[PDB]
């Protein structure tokens, strides 16, 4: 993502991309900070977040059968 | 709700576009597809592109198609994939979205002003990315001189 | 938003009143004009965002837009001398 | 769930357009309208993506591809109207 | 000797272009000198440019040595 | 002008020349003072002059043509690769215009717009080579493809013109639609569309993740799309048909110019935004399919144009086989093959264009060209044997270095199919050539013969083909420079 | 606004001036530059003349060839002089002056 948020501000998921980029291009050591790719793509899709909330509700529901 | 209405209308109207005969019927259903797609975009929260879909997609292209199919009127010579993408457990279960509905954190600081999408789009498109805007001039010029050299005797 | 809701309610009410009023008594010229319109209509489409934001863009914006206009104007000149808009 | 619904609508419209351009082979009008539908679906999912992940270039791309679609439609209909003079 | 190869090449190509269309070999005997000149200058410049691009490629390879030196 | 636009001087000049030629042509084509001159020839010669000037500017200015590093990096980046590719493109366009001058007057069709598009699509392709963003790539491709759409359906009173043009339009628009959906999916799943960002986001760490299933669909669709524009032998529908229908200058330009451009673009993307086996596998299949199809179709044809179409498909196939792996030697041989193919095809089209009118559509009209025009027959045999394979020529040397690189790169499978399609092609062609002194049914002594410029261009390229092996050092060197500076 | 002049390649020669204004460059021309400009204009005018003798517009084709010639020649001369002002080309007399 570039910077231009849909309403004239630093986009919701920029800072993460900026850190990802400065680390991937500054210290070119091999994928030592591919750790930030998960973070940036999470910001883009919230995948881990939705998964966690879904599982919380799953267990909440499972304890209802009791 | 209304989102589903527009989606269903667009779907069935595209079906009629491809299948229904009397090509003028097809062009009518095509106009209808574009109208409901514009309403959909309006629902999405992008107003400028909705009015543009109205102006250039419907009011400009579809009128050309209607003109041409008029002058030649006598020229009459998934549920599996939907389930596979809805059983992923990476989409929030609507029960979750209920309580979290009262959890969003307004900022009150990025909305002291507010760029409507028209204004920000103008900013971006003309200051930066301008060659991306010069090229479409060339493709429009190609369109018009092509129409001329092709049909104009 | 929340204004297109009054808009659409207006739409349906106008439909109702129109139906009420209805029920009470109970070639190349055209084609090339349409093409020229399809070409000059995105011109207005592109002039709309350029119109609102001529204060956060310096003469760079004015000049880029004038270059676009010049390309399409040479298009219009080629159209004219060919006489396609003669009628 | 809404990004899923938007994207699945765009995908099904794209599929419908390609099925139209493949099955129907002779009617040039249906062919060109199906190409228009394909470009419309591309435009719509461009916009949905531009708004889902907060980023702008989606909309610039949308506007430019609108220009491209208008050009293709005009020139292709010219091709047709000269084909049907004989 | 480069210029001689270039001149013979130009003369041959001109005789060729005069032989494709069935008119005789030396139709315009004042073109052949232009052909020899163009062939000579072409071959000379081609040798010069090959030397230059070999130099640049060797510099690029020397710089690529450093890109892998830090790799080790 | 402003010292930044020093990075786009060739494009600025070629666009201004296109505009001035358009205006000149239209006014003095509709001015009643003179008779009613159709300015095809004059506009064409001015266009050739403008193209040579563009060549001069670009070539002599490259080291300052790289002057606007970042401000231009917003859209395109120019390196040695783009330098040499653009030079070859301008050379090819000058060549095809010069070759097609005599066709305009002979076939007698009057539209100077034909030579204001050749330049415009040329600028489009110059943008396409130096293109460093998915959407800039797509826009350049669309501008070029629209120019070609206009160019196809030229003569209306004819028959094959309109149908061939319509086929080409539908095919190209479908291809571009697929490519658009591909870029759309990549954008949606990735969140960027500038090749640096794509590289930095999906290099090395292609490991499968939660929403990693999206990127793959995008790159697959991009592969299909860009394939359709390399004639994509599983997707080669109507390609020989459009080659036969569209006029000869148009089909020549369509064969030579867009293919090199789209190959450079494919290389620029496949270095950056690929997967471990996705793109290489989606090409490894099309390569063998292409070689096999070229063989088993060109073996049996009865129209001298469709034979050219299927031989072009075959050579595009050989090039794609060269594409298989991703080592420096491999891409070096790849580019060498591209160049040799460009030369051989402008040569073959020069011939088939100098044999045009009296042979509207025939292959049996090799009516004793060994007897009525021996030098031309020898030249045709040379060009074809180069196109297929024989002791030292250009095409044979290119294929040999291709297979050398393939073997030395770790693929023991492309060679057998490559060599066997080569040998069946060689048997067929060397049977055809030795069929030129058996007997002669038909005879078409020709008013055609090669005014001056087709003859010069032919002579030049034909002298190049045979005489390539006595000194092929500089080509190897410049190709090494190019491929090495493509990414490293 | 990215209005900076840095190049991917480097000015292998001296760097007498980084971003020279327009008038400076166009007044910095050398005899070779004017020769290049004149040669381009001349060849353009002549080819225009002949390609005009073909359809009978020897005049107007000459004018159009002249326009393209002046455009190309001035662009080529400005490019050469700009290069010699930055370092991407041999600088001897420019360094002599700027000394």
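All chains are identified by letter, namely A, B, C, D, E, F and G, in their written order; residue positions are counted from 1 within each chain.
Everything below uses one rule, namely that a residue touches a chain if its C-beta (ideal position, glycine included) is under 8 Å from a C-beta of that chain, and two chains touch if they have at least 3 such contacts.
Asks: What chains do chain B and chain G have as common neighbours?
Replies: F
Asks: Within the chain touch network, how many edges lie on the shortest path between chain A and chain B?
Replies: Shortest path length, in steps: 1.
Asks: Relative to the centroid of every protein C-alpha atom displayed, which chain's own C-alpha centroid is closest?
Replies: If we average C-alpha coordinates per chain, F lands closest to the whole-structure average.
Asks: CA centre of chain F versus CA centre of chain G: separation in Å?
Replies: Averaging C-alpha atoms per chain gives centres 31 Å apart.
Asks: Using mean C-alpha positions as chain centres, tell me how far chain C is from chain F in Å, no decimals.
Replies: Result: the chain centres lie 39 Å from each other.
Asks: Averaged over CA atoms, how far is the centre of chain C from the centre of chain E? Could you give it in whole Å?
Replies: 57
Asks: Considering chain C alone, which of its residues make contact with at least two other chains?
Replies: Chain C, residues with two or more chain partners: 31, 35, 38-39, 42, 45-46, 60, 71, 74, 78, 82.
Asks: Among all residues of chain F, which ones touch two or more of the remaining chains?
Replies: 22, 74, 135, 139, 142, 146, 149-150, 153, 156, 191, 210-211
Asks: Which residues of chain B are in contact with two or more other chains?
Replies: Residues 45, 52, 56, 60-61, 64, 68, 90-92, 117, 119-121, 123-125, 127, 129, 132-133, 135-136, 138-140, 142-148, 150-151.
Asks: Could you run through all the chain pairs that touch each other?
Replies: By the stated definition, chains touch in these pairs: A-B, A-D, A-F, B-C, B-D, B-F, C-D, C-F, D-F, E-F, F-G.
Asks: Quick check: in the complex, which residue numbers of chain C touch chain D?
Replies: 31, 35, 38-39, 42, 45-46
Asks: Using the touch definition up top, name the residues of chain B that touch chain C in the complex.
Replies: 42, 45, 47-48, 52, 55-56, 59-61, 63-64, 67-68, 71, 118-119, 121-123, 125-127, 130, 133-134, 136-138, 140-141, 143-145, 147-148, 151-153
Asks: What does chain F use to touch chain E in their complex?
Replies: 373, 375-376, 379, 449-452, 455-456, 458-460, 462-463, 467, 473-474, 477-478, 480-481, 484-485, 488
Asks: Going by the contact rule set out above, which residues of chain F touch chain D in the complex?
Replies: Residues 135, 138-139, 142, 146, 149-150, 153, 156, 162-163, 165-166, 169-170, 173-174, 177, 180-181, 184, 187-188, 191, 193.
Asks: Along chain B, where are the residues that touch chain D in the complex?
Replies: Against chain D, chain B makes touches at 3-4, 7, 10-11, 14-15, 17-18, 23, 26-27, 30, 33-34, 37, 40-41, 44-46, 49, 52, 56-57, 60-61, 64-65, 68-69, 72, 75, 77-78, 82, 85-86, 91-92, 94, 117, 120-121, 124-125, 129, 132-133, 135-136, 139-140, 142-144, 146-147, 150-151.
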